[PDB]
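Here we start with a single chain on its own, the form deposited in one PDB entry, put down as structure tokens.
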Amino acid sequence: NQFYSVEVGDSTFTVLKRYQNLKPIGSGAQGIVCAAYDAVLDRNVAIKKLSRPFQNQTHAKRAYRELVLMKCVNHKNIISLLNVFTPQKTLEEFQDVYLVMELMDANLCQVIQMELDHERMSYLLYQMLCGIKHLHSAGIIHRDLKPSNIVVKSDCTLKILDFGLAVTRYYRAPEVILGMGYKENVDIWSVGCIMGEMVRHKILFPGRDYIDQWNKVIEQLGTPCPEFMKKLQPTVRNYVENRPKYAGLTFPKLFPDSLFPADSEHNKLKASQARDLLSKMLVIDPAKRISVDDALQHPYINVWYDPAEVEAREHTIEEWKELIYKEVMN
């Protein structure tokens, strides 16, 4: 037959013959993801499997949009879709989608673990921004960026895996958390958290439930200003003012020098520049937050700036199932 079946944990991966020697590498919201060798292209790939996405309105939209978007966006810092296929032969039996992306070497989350120097770090954030820029120019604002969905290669290149919204909430910008409208730089917020996390190694803004999310933010950055507050909904604004007030710490408090290299004037100045960048991304009020182009130009990041890289309705389950299937036959 054209396909065969390998058992991967609770999953049975039923795949085209071209894809050899499957090994599990990780697991997100859509399910398990395997690395695989691809005899046709003689190179390694990733196979994400989507089980029955049509049977939930959200997964259904994430899946449709992402097929569509995947062949519709082409940027070196956005993961590329190599192939899609289902092993089922009619709509009626259709059930699983298999997506073949390109493959890297690690998760952003692991790379946050290493004691990074400014070279490696500025260059990763440069790429993140280039990629977000490319998604923005496209008409896509991600709103749900997080490190586990970003992957890297030994040579330190970097791909975003997904397209956000249009569990872990630690990186959602405040405008999102509070549902209050947003512009492009809602994505800058998350770059903030990931940048802090690279420095602090702890998650910036942990917090158990959503209410406790907020409270770790203001604890550190301080309560937002009133012209912010006036923008919430009548009811919604009341809920939030009902906390203790905070001044929030300065950014050399939040990110002391012990955390950066300090032997050299070079290292002292770079640290300074990082803190400034952070100081401008991690700004609760978007109206005052740095935006994407200005961040690429920022001294911490621009030793990398390359204009070549920088520039470039609802349904029923049934209807979703068809739309998704139809899209898999291309």
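In this text, the rigid core denotes the largest set of C-alpha atoms whose superposition between the two forms falls within 1.5 Å. The first residue of the shown sequence is 1; numbering continues from there.
There is another form of the same protein, the form deposited in another entry; it is not shown, and what comes next is about it.
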Of the candidates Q213, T223, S148, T86, the only Cα that travels 2 Å or more between the shown form and the other one, given a rigid-core fit
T86
Does the C-alpha of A39 move 2 Å or more between the shown form and the other one once the rigid core is lined up?
yes
For a quick test of reading the superposition: does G26 move by 2 Å or more at the CA between the shown form and the other one, rigid core aligned?
yes
Rigid core fitted, is the C-alpha displacement of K280 between the shown form and the other one 2 Å or more?
no
